[PDB]
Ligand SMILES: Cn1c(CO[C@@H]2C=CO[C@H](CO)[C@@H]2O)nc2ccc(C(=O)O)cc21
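Single chain ahead, written as structure tokens, the form solved without this ligand.
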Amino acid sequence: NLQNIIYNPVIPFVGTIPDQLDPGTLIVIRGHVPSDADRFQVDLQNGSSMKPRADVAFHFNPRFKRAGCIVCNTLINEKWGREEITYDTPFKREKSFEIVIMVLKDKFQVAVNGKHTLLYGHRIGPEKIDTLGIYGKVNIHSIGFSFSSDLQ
């Protein structure tokens, strides 16, 4: 089962991820998109500073204008790289969602609402990730984690 759970956080949320992001690690984020949303993002970061801004290994950015999309990217030394855009977005204003990010050796895999959504190859070594940030127009119900070290 998921552990290290956070309930109903204030957004923006910035929290230390409780263990290393080894292959098989799961980050599970349940929430809903508010009626007025333009975009939100989930960022897996190397550090927590907002200024100068911490590197973002994996930026997962649902956008809601027109037909919507999900933009993924990486921020290194305050510069964004090439966007990878997934156009068939499952997210909808006023609807709840579950995001499951799984770390693999060479990429992240993301499923939304129980269906595979996208892959994103590592551009920063995942061992450098220590922080989860959630920003923008989104209402988070819970955040939970699964690590290979979890006891039960």
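Only residues modelled in both forms are compared. In this text, residue numbers run from 1 along the sequence as written. We call the rigid core the largest set of C-alpha positions that still match within 1.5 Å between the two forms.
The same protein also has a form deposited with this ligand bound, omitted here; what follows describes it.
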>> Can you tell me which of 80 to 88, 93 to 101, 22 to 30, 106 to 114 lies within 4.5 Å of this ligand in the deposited bound form, counting heavy atoms only?
In response: 80 to 88
>> Residue-level question: is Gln41 within 4.5 Å of this ligand in the deposited bound form, judged on heavy atoms?
In response: yes
> At the 4.5 Å heavy atom threshold, is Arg63 in contact with this ligand in the deposited bound form?
Replying inline: yes
>> Residue-level question: is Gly15 within 4.5 Å of this ligand in the deposited bound form, judged on heavy atoms?
In response: no
> How about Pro9: is it within 4.5 Å of this ligand in the deposited bound form, going by heavy atoms?
Replying inline: no
> Which residues from 124 to 150 come close to this ligand in the deposited bound form, meaning a heavy atom within 4.5 Å?
Replying inline: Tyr135, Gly136
> With the rigid core superposed, can you list, in sequence order, the 3+ residue stretches whose C-alpha atoms all shift 2 Å or more between the shown form and the other one?
Replying inline: 148 to 150
